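As structure tokens, the structure follows; a few thoughts come after it.
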Amino acid sequence: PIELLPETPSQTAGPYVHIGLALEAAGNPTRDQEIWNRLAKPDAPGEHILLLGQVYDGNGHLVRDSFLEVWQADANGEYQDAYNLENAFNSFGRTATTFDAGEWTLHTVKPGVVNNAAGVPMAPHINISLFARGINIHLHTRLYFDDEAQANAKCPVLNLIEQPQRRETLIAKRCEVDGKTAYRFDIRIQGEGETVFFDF
Amino acid sequence: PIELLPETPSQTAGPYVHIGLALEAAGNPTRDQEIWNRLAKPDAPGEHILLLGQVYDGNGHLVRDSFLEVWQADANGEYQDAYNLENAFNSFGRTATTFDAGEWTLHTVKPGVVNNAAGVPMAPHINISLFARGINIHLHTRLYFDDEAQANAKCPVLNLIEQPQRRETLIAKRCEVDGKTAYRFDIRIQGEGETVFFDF
Amino acid sequence: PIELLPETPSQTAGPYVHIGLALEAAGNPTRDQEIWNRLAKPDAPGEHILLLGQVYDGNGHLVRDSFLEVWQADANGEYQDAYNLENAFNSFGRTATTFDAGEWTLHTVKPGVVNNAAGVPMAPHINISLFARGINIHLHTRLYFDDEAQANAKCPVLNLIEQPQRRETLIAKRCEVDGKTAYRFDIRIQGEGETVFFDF
Amino acid sequence: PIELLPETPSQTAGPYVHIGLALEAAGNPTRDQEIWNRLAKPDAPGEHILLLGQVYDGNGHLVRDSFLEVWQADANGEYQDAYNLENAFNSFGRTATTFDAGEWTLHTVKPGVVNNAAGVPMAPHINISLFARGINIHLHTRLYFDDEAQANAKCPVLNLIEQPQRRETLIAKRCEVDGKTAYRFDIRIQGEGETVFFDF
Amino acid sequence: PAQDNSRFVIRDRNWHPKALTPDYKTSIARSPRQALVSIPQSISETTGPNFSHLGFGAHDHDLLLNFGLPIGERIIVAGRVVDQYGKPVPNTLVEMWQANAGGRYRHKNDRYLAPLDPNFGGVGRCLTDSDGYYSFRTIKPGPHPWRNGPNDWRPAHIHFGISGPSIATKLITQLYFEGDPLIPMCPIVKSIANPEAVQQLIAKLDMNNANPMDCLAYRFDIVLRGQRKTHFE
Amino acid sequence: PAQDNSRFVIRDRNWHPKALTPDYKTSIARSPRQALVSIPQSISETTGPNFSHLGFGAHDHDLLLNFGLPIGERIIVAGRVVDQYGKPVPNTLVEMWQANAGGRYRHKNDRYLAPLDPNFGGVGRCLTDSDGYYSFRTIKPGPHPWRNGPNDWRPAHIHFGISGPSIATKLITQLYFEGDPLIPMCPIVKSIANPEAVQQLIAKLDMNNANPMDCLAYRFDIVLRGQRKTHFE
Amino acid sequence: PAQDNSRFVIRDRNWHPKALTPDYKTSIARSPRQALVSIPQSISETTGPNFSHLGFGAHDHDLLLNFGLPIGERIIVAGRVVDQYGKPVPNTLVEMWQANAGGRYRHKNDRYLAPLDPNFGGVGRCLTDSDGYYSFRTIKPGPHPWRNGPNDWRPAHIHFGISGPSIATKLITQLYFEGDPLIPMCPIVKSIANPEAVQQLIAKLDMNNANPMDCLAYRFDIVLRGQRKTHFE
Ligand SMILES: [Fe+3]
Ligand SMILES: [Fe+3]
Ligand SMILES: [Fe+3]
Ligand SMILES: [Fe+3]
């Protein structure tokens, strides 16, 4: 058969990832412009929400050295690829968990609906990529919302997960933090309640 | 790079180890002098104690064919390398678990403190090596004492174990057997509450 | 290591180089436009000078079949790369030595100063490349002026030559031909007073 | 034939030999004990002499980065191998030529006579080993004295050198320095008056 | 906004290191035990951020000046980012981090006894040019011990993160240096099963790109997943 | 005026022939005994003449018409000029000269007994096109005896001079013809130590470029020093 | 005093580099043109100094302490000194010198732009033990540019001087590091015609001698001229 050039192989991000990708978090001087955890400016249209979570290893211990990358649509269900700190809203961001802060936080807006390749609407969701020492190749997942049950029931992506019980691992639980709409999304890398990860 | 001669590969002790290393336990005639489970004679200095434990496999079942070897300093924090049955204290000994007895026992004294190579004191501990059928290469562990919380907190070795939960697995529980001071140290080879094993 | 395609290897220009590159000199019909020894037109700005010299071999015998190429800045220290016979000045030219005329001549103007990569000024100089039967790969040298001691003393290139005695081999000696300003630059390929040759 | 382990291949001493073998000369702080240019303390038996010289390359240019080691017998024709700064005389020493000092100097005594393997007397001489950048394997020579004509004539080593003319290259010329008895020994590595070098 | 016009060649998960590679101790507790769920590519996966407008500082990519001069071997690390079809990946973000010449990281948690270099930070970023080329100037990092086996040492290495055209192509990897004898002993390197794949992570000495009497150069090219147009969907 | 904006890859003096190659007698007395002095590239070394504006005659490149018809094998010699990076070198000057079919040069000093050809000059020039291509039409030169050893013969050859972008790139060489048995016997060829290097001077028969019932063709590509932009200087 | 009681196996001058090795330019004017004169061994040549009584300082052999801590890869260079017959050479003087982590030397003449390290001198000395063993603690030196060809770089190396039992055994050499890609390109290394000979100068990575979480180790054994007793003389 036909063989293209092989893709450069992946390697773990290692324990010091933060010095390269999360300057502030690493407690190191940052540059003029940094890609961080604030996707939305206070004036961005849409419902402003707060996302938070913890990452657990197979022993049920917190992962205090992870790095997370997020990608989501704006309130219109539109992906905004031109990254600029001047923008009211960016579709991309980065967050982390540290020895100092075992929990990550992201300031954004609830994503609008997007259609899959076949023209079927997917429920609102945030695409997540998880990196850390011990992870040879990054893990992909999706964050759905517990207040979109009607939508979740019909998502073609969620419907690909053979077992219903596993589907719930993808649902962030709505709460409030300082009288603000927040969602809690914990990731379990291994074992009991192991979060679903995708390949695409 | 420089390569030395390779070390002779390990092999499991097998199910009949007792015939070679634990004659009595094997219910076979012993020789004049045997290396067994009585490290100290009643007249040895230090706090006389009884050590006992059980060995569990991954299914939570008793390991009834194990063989153990211990190395510890005397009461004064000194290692007595000259093995002799005439001695009041021998730093080395051997014990086992049998079909007949699923629990092992050792008669010793609480060891004194010894410094690590960097001159930092280590909490009182007993060095253990475990062998059995199903174990291809012997397992190394340490037994520490619950009534030494202060020393334990600062042990350079215990402190190398990343998760505090894991450290607890090396702590023997003080008790009394026939109203005599004893400590119980159970070993879980696999799974829930799996005991920390070392490499050195 | 990374290896690029190999440069085509050099070969001696051979005994007849004149037929290909010095038509007149070769006593053969010339073409409409030829590249020769008149770099400056009477009306070119700068001090008009006449360059002359002999080329000696290792036994001190004249080399009557050499071919030389020159590259120099104009009076303003500028390299004029767009070669055109209409130009009052061309930064490039060609000369030779024949059995007929064992001394080469070049009509030009004294070059202006140019800076090295580091921004330091070089003493006025002419770059020269020498070819001839018996020379497998051309030789590179530079012609400097005896009437520019001040500059010469500071030239970062001249200063790269370890032995001061060797530096003098690069200095053309001022004179006059027909009461015209001239400079004589003899090249010694081998032996006594051998001319400095560069690699770059 | 029988082959033994090959000797480790030699390499040039390089341009900074001074930092490793001639601290002072190098102008770096010295250690407590340094092997240097004074073989005889003022109260050493024998005739106190001063040795000096220059080293020349193939072009007749001074070699300003040479390093020389010397080995000679005491006044009684005895080799004193036990090196000690406390000794009135050491048979071994080191000197150098530098950018600052183009001439090396040695403070010693005129060596007594020693016999060759066959029992024949050798004329008074100093064994020299020369090192420097550009020299891949050190050069061995011998320094003889002009005031020992009779002995020189019968030297079985000097006599191995086929041409009388070459023999002279090895004779130090008596002089006086600050009314002190001195001998000048210039070394010419290559060309006209090239000094004899040995193999043994 | 971004459009769903491309498809990315499926990853070869036998080429990349697996999740569980026991000699690399930390991977045991950090590898999923369930199979990964495969999903069709949609706009969510085939799009990603474009960093053409991020405001890059003048010395963002020059580790010699972005933090006197650091001590260590002065090198230029350069290469090109192309896809599996061999097409250049223009204007893509390349981020890198490393230790100093002594193998010490400028991070709290690094207690290695080799000192910090007052003039060295060890973080850089560069946007590829029209042709997919990037370059950094830095000092060659030193190997460093780590608590894995009792005497484990990572070979000298530089951490790299590449964005590519989509979240589907985003990759984090590590560069190693030609001839390093530590390479074959490293359990992180050995997480990779095919030796042919290991070869792709080795930067080659590049005398052609070196600055004489200044610094040496290493060449490291990166291949992201092949991008094709959707067809007959 | 020209500007200093490029650097050239350092030549490999172990690839090119050495100065002293004793079998080639004339080299004994014309080879320097001191070492070349290495100097850093500056605007003086990295610029050179551009011959784009020289006025070339219509048959400058046609030795069949530039001097009846000459006697001998009608051939085209074509090829491309690229740098070490594989980049084409456009508008560069290519000059050649050779003997006639009998191995006689049109030069006073040539006293070989093979006659001159009244219709043959043996001089040509061509500026490369936008793709670095050049071509000539001539007749295949014959071997010629020369006074080196007692029975020395030069393989049939064509002399070449190529300008390139700078004086650093300029080069003079010789083309030889595929299969000529005299090649391995020539002390001039032999001035080159590496056999792989000799192969680069051999022109290959090119039937694809030949004109049926008219003339054959040979392909001879040339590689000049690799040119790159300056960085971190 | 010393006595003439031994003979040394004659040197193989085809194994050692020759005097004239033109690619290493300074060797052209510093190589004798006349042949060496062979002489029989006498007391003059078979004896040498014994350094057993030199008063060495406590850190003479520890470059980490003998000049804060130096920046760079912490290593131990250890090995044994033996003769051709495989016999240890006890209580012999071993001296070494090198550059810092950046290839910079602590000498007036070293103008390279890489900074000096305020905590590194680069000189050591050690007396072999009863078994012929020596060891030093230092940092791995960096390659350095030098003016030979226009882009020459010495491989990372350490200069060694060994006394041995006589002036006939005295040697000066250089140690190179396993896998360094610069090795094959070095005109100095190439002064050695035999590849097998070159291999003898490469120090091997020695994980067995390393101190976990502290420093790596390299092994470099030295072979001096065989020493035998006189017979039938
Ligand atoms: Fe790292
Ligand atoms: Fe058995
Ligand atoms: Fe010819
Ligand atoms: Fe050196």
Self-check item: Rounded if a/c under 1.5, otherwise prolate or oblate - the stretch G:1-159, Cα gyration tensor axes
Solution: oblate
Exercise. List every residue whose amide H lies under 5 Å from the amide H of E:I139, counting only residues 5 or more places away in sequence or on a different chain, with H placed 1.01 Å from N in the peptide plane.
Key: E:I75
Quiz prompt | A:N115 long-range amide H proximity, modeled H, under 5 Å | solution = A:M122
Quiz item: When the Karplus curve 6.51 cos²θ - 1.76 cosθ + 1.60 is applied with θ = phi - 60°, which whole-Hz ³J(HN,Hα) does each residue of the stretch C:114-119 get, with x for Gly and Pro?
Solution: 10, 8, 7, 4, 6, x
Quiz item: Hey, fewest Cβ within 10 Å first, where do G:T230, E:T169, B:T169 land in order?
Solution: G:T230, B:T169, E:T169
Quiz item: Taking only DSSP H segments of four or more residues, each worth -39500 (n - 2.57), what value at 222 nm results for chain B once the sum is divided by all its residues, to the nearest 500 deg cm²/dmol?
Solution: -1000 deg cm²/dmol
Quiz item: Cross-link partners among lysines for D:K110, C-alpha distance below 28 Å, same-chain residues fewer than 8 apart left out?
Solution: D:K41, D:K154, D:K173, D:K180, G:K170
Practice problem: Rounded to the nearest Å, what's the spacing between the alpha carbon centres of the stretch B:3-38 and the stretch G:1-56? Just the number, please. | Solution: 60
Quiz item: By Cβ position, which chain F residue lies least far from the axis that rotates chain F onto chain E, and what is the distance to the nearest whole angstrom?
Solution: F:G86, 8
Quiz item: To one decimal in nm, how far is E:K190 from the same spot in the other copies, if labels go 7 Å from Cα toward Cβ? Please give the shortest first.
Solution: 3.8, 5.5
Quiz prompt | Cβ-based charge dipole, the protein assembly as shown, positive-most Cα from A:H138, F:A58, A:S91 | solution = F:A58
Quiz item: How far apart, in nm, are two points set 7 Å out from the Cα along the Cα-to-Cβ line at F:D12 and at G:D129?
Solution: 4.7
Exercise. Quote the FRET efficiency, to the nearest 0.05, computed for A:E176 versus A:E34 with a Förster distance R0 of 30 Å and r equal to the Cβ-Cβ distance.
Key: 0.60
Quiz item: Helix-derived [θ] at 222 nm for chain E: sum -39500 (n - 2.57) over DSSP H runs of at least 4, divide by residue count, nearest 500?
Solution: -500 deg cm²/dmol
Quiz item: What is the stretch G:145-233 by shape, rounded, prolate or oblate, if you read a ≥ b ≥ c off the alpha carbon gyration tensor as root eigenvalues and call it rounded for a/c under 1.5, prolate for a/b larger than b/c, and oblate otherwise?
Solution: oblate
Quiz prompt | Peptide G:81-92 - average C-beta neighbours from other chains (10 Å radius) | solution = 1
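Classify the protein assembly as shown from the C-alpha gyration tensor, please: rounded if a/c falls under 1.5, else prolate or oblate depending on whether a/b exceeds b/c. Can you show the working numbers first?
Numbers: a/c = 2.42, a/b = 1.27, b/c = 1.90.
Taking the square roots of the gyration eigenvalues as a ≥ b ≥ c, the protein assembly as shown is oblate.
Quantify how strongly other chains surround peptide F:10-19 by giving the mean number of their Cβ atoms within 10 Å of each of its Cβ atoms.
Details: counts 10, 8, 4, 6, 4, 5, 8, 6, 3, 9.
Across the residues of F:10-19, the mean count of other-chain Cβ atoms within 10 Å is 6.
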Quiz item: Hey, how many Å between the Cα centroid of the stretch D:138-200 and the Cα centroid of the stretch G:126-161?
Solution: 35
Quiz item: Which ³J(HN,Hα) values, rounded to whole Hz and listed in residue order, are derived for the stretch D:69-74 from phi using the Karplus coefficients 6.51, -1.76 and 1.60 in 6.51 cos²θ - 1.76 cosθ + 1.60 with θ = phi - 60°, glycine and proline given as x?
Solution: 10, 10, 9, 8, 7, 6
Exercise. Restrict the search to the stretch C:73-120; then list the chymotrypsin sites (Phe, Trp or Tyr not before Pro) that DSSP places in a loop and that have at most 14 other Cβ atoms within 10 Å of their Cβ.
Key: C:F99
Quiz prompt | Cβ-based net charge around A:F92, under 9 Å, with every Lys or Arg adding one and every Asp or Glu removing one | solution = -1
Quiz item: For chain C, what number results from the quotient of the Cα radius of gyration and 2.2 N^0.38 Å?
Solution: 1.04
Exercise. Give a residue-ordered list of calculated ³J(HN,Hα) values for the stretch A:45-62 (Karplus: 6.51 cos²θ - 1.76 cosθ + 1.60, θ = phi - 60°; whole Hz; x for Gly, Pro).
Key: x, x, 7, 6, 10, 10, 10, 8, x, 10, 10, 10, 8, x, 9, x, 9, 4
Exercise. Averaging sequence separations of C-alpha pairs under 8 Å and six or more residues apart, then dividing by the length of chain B, give the relative contact order as a whole percent.
Key: 24
Quiz item: Put a point 7 Å out from Cα along the line to Cβ at B:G134; what are the distances to that point in the other copies, in nm, shortest first?
Solution: 2.6, 7.8, 9.1
Self-check item: FRET efficiency for B:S10 and D:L62, using Cβ-Cβ distance with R0 set to 45 Å, rounded to 0.05
Solution: 0.10
Quiz prompt | Distance from the stretch E:188-204 to the stretch C:89-133 (C-alpha centre basis), Å | solution = 53
Quiz item: In what order do A:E24, B:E86, D:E148 fall by count of nearby beta-carbon atoms within 10 Å, going from fewest to most?
Solution: B:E86, A:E24, D:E148
Practice problem: Would you mind ranking C:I2, D:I49, G:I139 by Cβ crowding within 10 Å, fewest neighbours first? | Solution: C:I2, D:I49, G:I139
Exercise. Calculate the mean, over all residues of peptide G:176-186, of how many other protein chain Cβ atoms lie within 10 angstrom of the residue's Cβ.
Key: 4
Quiz item: For C:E86 and F:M185, what does the FRET efficiency come to when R0 = 56 Å and r is the distance between their Cβ atoms, rounded to the nearest 0.05?
Solution: 0.70
Exercise. Could you pull out every residue, at least 5 positions away or on a different chain, whose amide H is within less than 5 Å of the one on E:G48? Hs are placed 1.01 Å off N in the peptide plane, and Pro or chain starts have none.
Key: E:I167
Quiz prompt | For F:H59, label point 7 Å along C-beta direction: distances to other copies, nm | solution = 6.6, 8.5
Quiz prompt | Pair G:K229, F:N211: separation of 7 Å Cα→Cβ label points (nm) | solution = 9.1
Quiz item: So what's the net charge close to E:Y112: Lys and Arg +1, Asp and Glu -1, counting the other residues with Cβ under 15 Å from its Cβ?
Solution: +2
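FYI, it's all coordinate maths here, none of it is from the lab. Note: ideal-geometry Cβ built from the backbone for every residue, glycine included; neighbour counts use all protein chains shown.
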